[PDB]
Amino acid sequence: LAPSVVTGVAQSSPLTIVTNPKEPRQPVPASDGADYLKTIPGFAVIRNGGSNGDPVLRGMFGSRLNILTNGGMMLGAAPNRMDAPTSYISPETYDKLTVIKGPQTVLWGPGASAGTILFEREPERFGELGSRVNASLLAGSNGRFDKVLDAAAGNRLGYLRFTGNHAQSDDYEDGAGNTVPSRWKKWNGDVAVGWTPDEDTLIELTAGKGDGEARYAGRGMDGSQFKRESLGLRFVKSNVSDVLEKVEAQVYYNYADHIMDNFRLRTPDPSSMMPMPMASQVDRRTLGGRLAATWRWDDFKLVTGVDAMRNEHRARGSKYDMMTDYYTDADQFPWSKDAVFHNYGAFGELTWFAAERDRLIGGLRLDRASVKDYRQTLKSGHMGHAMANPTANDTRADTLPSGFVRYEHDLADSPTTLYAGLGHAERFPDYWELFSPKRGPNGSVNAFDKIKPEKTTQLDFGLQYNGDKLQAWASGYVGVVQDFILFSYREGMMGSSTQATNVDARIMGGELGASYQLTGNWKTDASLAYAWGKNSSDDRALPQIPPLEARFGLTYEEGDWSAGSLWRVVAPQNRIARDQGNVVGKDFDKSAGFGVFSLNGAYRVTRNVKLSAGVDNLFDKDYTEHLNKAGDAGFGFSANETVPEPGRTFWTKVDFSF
């Protein structure tokens, strides 16, 4: 019954990590989707500024991760990923966060090489008329203030539920004393009304908006706007027949509208290679749907379904004159669409409960993806001068089958699950893998033409030991990527020119962790995370792989309250690939190891209020992580200074529940 601050999260079941993102988290997370994953072993984040970092699972970056918000998928708009999907997520507003590791699900959408991440709000249910309400405030160093509110009323046959949050923090300072350009401010409000005419039927309509700004020490422009608007429509039925137990259909609509610029949160760099006032606006309209049936008879849980999605990128940029010096903002100019993706697919996943102690799971899905290039012309060929785009209105498509099988066995003597699984996923290229790179494979025409789908074939295995005093778990993976999409960086005349290529990679790695109850109120727990990758085409290492990392926790509990400390130690990373990486990160230098210590405590003052506090980086260590971006230079950043992590940090949080 003793309340605690989360420092790490175990596998609850094979390949599956399920956590509730409203409980306090030790390295206190900026109010975005990424940082709520730092506690999950296996996840590193690329630091861009103070918030809105880009998650990386087992070294795999970007769209190899399937990030969903109530089954619907929010997509960014920026050509350099300043609005990564998790920019628009505030995990504190959802009731559950689930992670599935490796390519071991077909239910939630296509091409999930690395894993699947699910934030969901769960349906309210009401006896008679009643109302619940949760709220929490968090105050901390450097102007950190996060309010958050959920509230729902309803009765037997309906409900309406409001969730909202507002968070903001000022520039953090490192362990060395300097102020890091890393300001931010965010909010979200979502409403949901739901109808339940009888206990076997549910419909819910959802609407929400959100906005945010964020200063970026690593990127050459800041985020002036992260406007999001959503509309959702769920429908479920239970116990249709006696072998058809659930039918769910849902339609989502997510619109992102984002302005990056260099004069609202920063003044334009004088020397630079861009001293103009400059802004660029980008939107992404997304419409998608899912439709699934669960059948159960005998020892068989079969889920069949089809899905579809369409999304639409548009852009427009500022134009600044250099003799009248009258700047015309972008929103006084027409929208110039340039990409439309589509996806339709169908899927099934069968689960066989053969015997008490053995389970057999297998999924397949067939996807029909396609994109059309509406860029009538391109910024290439000179000072970036216009040049007729050879793929103008060209359309690419492909049919792509994924699938997996996984066997889980429970030993008879000990409380042990052993599991092994083989999965193969194919992924149609990203918006960013197709339109962002300034050139495509050697002797291509552009990137949109020649960039192949990436097909990943991975073996997953591990165990769970969940007995009385000891709980342990371990997952490993070995896999091969064929046609890994990979960016190389040159510089000539104007800036770091990207070039996307298609290479084969070998990847292995694992994660394990354990938690031991020494006494009735003393607890300890450690976790370990290693990722490894090799570029087989060039016999190079893979770029942008997080180094080996270990966490150790120790906890004292007393029913009413708890305290804990936390040692995080990370090794250097001596496998690099200079000037290669992804659309976010170049790899440059070998990283330095480090360790960071942290203190936390929690107190249950009553049934409704519950307090929590912590100190992050107690010994004010000045460190940087391998995957962080480089600092701007127009921010006083040396040759290739990565962006420093935050120094000593104090935070306190109160959690209400009437």
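A residue's number is simply how far along the shown sequence it sits, counting from 1.
Averaged over their C-alpha atoms, the temperature factors of 630-638 and 20-28 are higher for 630-638.
Just going by the entry, 582-590 versus 419-427 on mean CA temperature factor gives the higher value to 582-590. As recorded in the PDB entry, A388 shows the highest C-alpha B-factor of the residues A388, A369, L364, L512.
Each of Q458, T98, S444, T286 has a CA temperature factor in the record; the biggest one is found at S444. Split the chain's modelled residues into thirds by C-alpha temperature factor. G492 is in the highest one. In the PDB entry, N254 places in the middle third of its chain by CA B-factor. Split the chain's modelled residues into thirds by C-alpha temperature factor. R607 is in the highest one. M60 sits in the highest third of its chain by CA B factor, as recorded in the PDB entry.
Sorting the modelled residues of the chain by their CA temperature factor places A412 in the highest third.
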